[PDB]
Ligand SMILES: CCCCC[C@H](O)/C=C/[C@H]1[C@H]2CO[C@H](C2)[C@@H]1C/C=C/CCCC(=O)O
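Consider the single chain below, provided in structure tokens and representing the form solved without this ligand.
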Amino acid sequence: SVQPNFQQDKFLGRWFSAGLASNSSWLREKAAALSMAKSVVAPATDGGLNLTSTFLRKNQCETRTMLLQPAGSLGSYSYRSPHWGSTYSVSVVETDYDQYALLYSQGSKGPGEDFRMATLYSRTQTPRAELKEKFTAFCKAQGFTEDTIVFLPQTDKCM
């Protein structure tokens, strides 16, 4: 499932990782200890996206980039991780480009095949309560129970 008529150029730029739901208890545990700073979406050489995430981990600013390679429908991508020995489908399911994006990721190959994650991205680091409600509803409709939905800690550091 992808955002209809997806316009990759409008999806570019600065976003904030406001929320997460996943069926990985491990990932939820780790993510709740990270304080999110800012994320940047930039066009990649292969026609996909480079996603750069900046966050505070144990009082240290860290930034990590991920390559999202194009995968069929516009707005759908694949992420290859030799560390997880797996490939993941990453899709922009719903976005208005200028305020929010709801992403859904799932394993497509390898041991990580059963992995599932929904992500809320916002153009402000402090999104409206109605957007948080939208994300909660989206997560539940994707099969995530309430207690697997995480609104992530945020930081002013690392900007």
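Heads up: residue numbers just count along the shown sequence, starting at 1.
- Judged by mean Cα B factor in the deposited record, 39 to 47 ranks above the other of 39 to 47 and 100 to 108.
- Comparing 30 to 38 with 88 to 96, the stretch with the higher mean C-alpha B-factor in the PDB entry is 30 to 38.
- Each of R116, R64, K134, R123 has a CA temperature factor in the record; the biggest one is found at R64.
- Reading the B-factor column for the CA atoms of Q142, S17, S25, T145 in the entry, the top value corresponds to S25.
One more form of this protein exists, namely the form solved in complex with this ligand; it is left out here, but the text below deals with it.
- The listed set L102, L131, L34, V41 contains one residue whose heavy atoms approach this ligand in the deposited bound form to within 4.5 Å, identified as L34.
- Interface residue remark: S81 is counted as part of the site for this ligand in the deposited bound form, having a heavy atom within 4.5 Å.
- Remark: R64 counts among the residues lining this ligand in the deposited bound form, judged by a heavy atom distance of 4.5 Å or less.
- At least one heavy atom of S53 is located within 4.5 Å of this ligand in the deposited bound form.
- Within 4.5 angstroms of this ligand in the deposited bound form, the stretch 1 to 24 places a non-hydrogen atom from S17 alone.
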